[PDB]
Amino acid sequence: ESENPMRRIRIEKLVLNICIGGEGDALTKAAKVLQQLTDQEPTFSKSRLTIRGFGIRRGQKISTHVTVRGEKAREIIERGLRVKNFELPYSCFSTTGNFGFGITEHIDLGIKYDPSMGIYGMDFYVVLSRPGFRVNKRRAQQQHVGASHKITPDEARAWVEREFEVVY
Amino acid sequence: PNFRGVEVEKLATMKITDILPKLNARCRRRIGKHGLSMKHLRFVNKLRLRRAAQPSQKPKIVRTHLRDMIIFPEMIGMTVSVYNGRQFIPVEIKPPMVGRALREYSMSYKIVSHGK
Amino acid sequence: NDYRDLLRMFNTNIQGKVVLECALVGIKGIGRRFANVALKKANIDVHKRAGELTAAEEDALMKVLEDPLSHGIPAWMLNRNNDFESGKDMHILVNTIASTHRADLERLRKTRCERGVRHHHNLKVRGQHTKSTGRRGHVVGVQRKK
RNA sequence: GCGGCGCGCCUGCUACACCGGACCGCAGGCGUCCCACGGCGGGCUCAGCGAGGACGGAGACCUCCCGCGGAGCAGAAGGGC
């Protein structure tokens, strides 16, 4: 009645996403917000194509993302569950056992509201990985992971329930 | 989220007398040197005893002409008509919302739609 | 005279000309409820160059602002007398002024009210002078969705 | 017949399975463009099927997953990767 110890679940990484069109310097202003929280330099993703509704024009930086892992991942995500009152919508868990939530106010995460830094909403998405997934990413011997070892959303909701005592 | 030093549940169960000491001048003197009228007072016990006796979804949401009666912490959790000068405006009182006149939350005016 | 211009505190530059008093009400204005009722005296010099003021005098001044009641400033001088929060009388400093303004405005939106519509629609609240007075700039009841 | 230019040149047909095969026959292009749109070495996987995530929906981003090329390689089309 014991699972193999490699069958545990680990938070491989957390992505942090903003989408401030491009405005005049807004993407740079979100860079400051991401830098303090993750202690990392957020990389500016770029707009693809030029569309009418938003102001992206095939070259405006439209979003900033940093991927945080390990101890930083636990604390940044734990913040995100407290501010989301330990409640998450049930459908957030996805097919590959990846789930996300929305974070109003870069300030609500304990950052001080600033006249200089205007409120910027961000969103999160946490990727759950079963030890042994290296077979999918190694430069040599790159082969797809087997069915059992892939995290099914039901199994991951159980790891989220066990990890943060959340409710849906 | 916490209101006047009381958490939402504490102020919700707190009496009108309890939230009155820390409140604005209009609210403190509403009962401090004055009180309530007998018509105003009766209306309180026409929703109070209904708010505390829920048998399911409320079938009341009574329509009341009375408008500028300062709301009571207990009356939180229910929708009041707060009649504007023409049609009743259904208003659900938030727990932080208490401590001010039901007049503030009711709109008797047109928002804009002119500027021609 | 060691006038020592700048001496910026609270992320707000000051001047070698400003007297020790205007220096705080002039700390962006935001962050100092003034009228200098306690500011006129504090423990700092009434009329001297504000850079010349010693750090020790400035640090004691920083402490009196940090705990107004401990200085002995009466509550009426301070801005937040009753608080809709933990209900505790408090002063307002520079960053908290605009955070508390968000608290006052965003609360207004969540608790929908005539006083909130008269701010989200940008109509001047209270005065009802959006009738024939403020042609000024176009901050008047206009509208045109279609 | 100067209304057109098959008057030099190229792709796919017509073309009758080596090749060569006509026509003011069809379906189209060429007369340029780029010191990076070049050379090389390294990394990388693309359009997208889904299923998820502040605002955020046909649609903008960020994730995984399955992704034989269904992408882009300056322009004609056909090979090719």
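Residues numbered from 1 in each chain as written, not as in the entry; some residues may be left out. Chains lettered and ligands numbered in written order. Part of a larger assembly, values for the part shown. Heavy atoms only, no water.

Determination of this PDB entry was carried out by cryo-EM to a resolution of 4.9 Å, according to the record.

A separate point is empty space enclosed by the protein. Take a probe with the size of a water molecule and roll it over the atoms, and the empty space left behind shows itself. All names here are of chain C. Taken as a whole and assessed by the stated rule, the structure comprises four cavities of 30 Å³ or more. Here the largest cavity is characterised by a volume of approximately 70 Å³. Taken together, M9, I14, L20, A23, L24, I27, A50, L53, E58 and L61 form the lining of the largest cavity. Those elements giving two or more residues to the lining of the largest cavity turn out to be helix 1 (22-25) and helix 2 (55-66). Here the lining of the largest cavity is built from residues that sort into nine nonpolar, no polar and one charged. If you add up the space inside the second largest cavity, you get close to 50 Å³. (1 Å grid on protein atoms, 1.4 Å probe; cavity = no way out; pocket = protein on both sides within 12 Å on 5 of 7 lines; lining within 4 Å. Points joined across faces, edges and corners; volume = space filled by probe spheres on them. Helix = DSSP H or I, 4+ residues; strand = E, 2+ residues; numbered from the N terminus. Nonpolar A, V, L, I, M, F, W, Y, C, P; charged D, E, K, R; others polar.)

Contacts between chain B and chain C engage 24 residues on the former and 22 residues on the latter. Interface of chain B and chain C: buried area, both sides summed, is about 2000 Å²; carbon and sulfur atoms make up 52% of it. Where chain B packs against chain C, one counts zero salt bridges. Residue classes in the side of chain B that touches chain C are distributed as 11 nonpolar, seven polar and six charged. (Contact = heavy atoms within 4.5 Å. Buried area = accessible area lost by both parts, 1.4 Å probe. Salt bridge = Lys/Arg side-chain N within 4 Å of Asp/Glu carboxyl O.)

Here the focus is the domain arrangement of chain C. Residue and element names in this part refer to chain C. Domain annotation of chain C identifies domain 1 (2-74) and domain 2 (75-134). The interface is formed by 15 residues belonging to domain 1 together with 11 residues belonging to domain 2. Counting each side, the surface lost to burial between domain 1 and domain 2 is near 1300 Å², with a carbon and sulfur contribution of 74%. Linking domain 1 with domain 2 are zero salt bridges, by the criterion used here. The tally of links from domain 1 across to domain 2 stands at four residue pairs in polar contact. Looking at the side of domain 1 that touches domain 2, the elements that each hand over two or more residues are helix 2 and helix 3 (68-71). (Domains from an automatic or database assignment. Polar contact = N/O pair within 3.5 Å; in protein donor to acceptor, adjacent residues only side chain to side chain.)

Moving on: the environment of A:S91. All names here are of chain A. Mapped onto the elements, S91 comes out in the loop between helix 2 (70-83) and strand 4 (98-103). Exposure remark for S91: the relative accessible area of 68% places this residue in the exposed category. With 77 residues separating them along the chain, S91 and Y168 place their C-alpha atoms 9.0 Å apart. (Buried < 20%, exposed > 50% of the residue type's maximum accessible area, 1.4 Å probe, protein only.)

Okay, the pairing of strand 4 of chain A next. All names here are of chain A. Among the six residues that make up strand 4, five are buried, leaving the element largely enclosed by the rest of the structure. Pairing analysis gives six bridges linking strand 4 to strand 5 (residues 122-129), with the strands arranged antiparallel. When the bridges of strand 5 are listed, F101 appears paired with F124. (Pairing = 2+ DSSP bridges.)

Our focus in this paragraph is the sheet that holds strand 5 of chain A. Think of a sheet as strands paired side by side through backbone hydrogen bonds, with each pair either parallel or antiparallel. Residues and elements named next belong to chain A. Strand order in the open sheet formed by five strands is 2-3-1-5-4, and the pairing between neighbours is antiparallel. Each edge of the sheet is formed by a strand with only one pairing partner; in this case those strands are strand 2 (43-46) and strand 4. Across this sheet, the average inter-strand angle for adjacent strands is 25°, counted without regard to direction. With four bridges connecting them, strand 1 (residues 10-17) and strand 3 (residues 61-68) associate as antiparallel partners. Each residue of the ladder has a partner; that of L14, found in strand 3, is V68. Relative to strand 4, helix 2 is tilted by about 60°, and along the sheet it contacts strand 1, strand 3, strand 4 and strand 5. (Axes fitted to C-alpha atoms, helices over the stretch in contact; angles between N-to-C directions.)

Here the largest pocket defines a volume of roughly 1600 Å³. Lining the largest pocket are 46 residues, and of these B:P1, C:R102, C:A103, C:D104 and C:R107 lie nearest its centre. When contributions to the lining of the largest pocket are tallied by element, the ones reaching two or more residues are strand 4 of chain A together with helix 4 (94-110) and helix 5 (114-120) of chain C. Ranked by the residues each element gives to the lining of the largest pocket, the list is headed by helix 4 of chain C, at 12 residues. Residue classes in the lining of the largest pocket are distributed as 18 nonpolar, 12 polar and 16 charged.

We now examine the interface of chain A and chain C. Listed per partner, the contact involves seven residues of chain A and five residues of chain C. Buried surface at the junction of chain A and chain C, summed over both partners, amounts to about 550 Å²; 52% is from carbon and sulfur atoms. Three residues stand out in chain A for area buried against chain C, namely A:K112, A:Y113 and A:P115, and they jointly supply 73% of the buried area on that side. Taken together, the links from chain A to chain C amount to one salt bridge. Between A:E105 and C:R102 there is a salt bridge, with the nearest N and O atoms lying 3.5 Å from each other. At the junction of chain A with chain C, the criterion picks out three residue pairs in polar contact. Split by residue class, the side of chain A that touches chain C holds four nonpolar, no polar and three charged.

All names here are of chain A. The environment of RNA strand D is formed by 36 residues, the closest being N17, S45, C92, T96 and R139. Those atoms of RNA strand D that come within 4 Å of the protein belong to sugar or phosphate at a rate of 67%. Between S63 and RNA strand D, the recorded distance is 3.1 Å, taken from a side-chain N or O atom to a sugar or linking oxygen. Here a base nitrogen of RNA strand D sits 3.3 Å away from a polar atom, N or O, in the side chain of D123. Among the secondary structure elements, those contributing two or more residues to the surface near RNA strand D are strand 1, strand 2, strand 3, strand 4 and strand 5. Residue composition of the surface near RNA strand D, by class: 14 nonpolar, 16 polar and six charged. (Near = heavy atom within 4 Å.)

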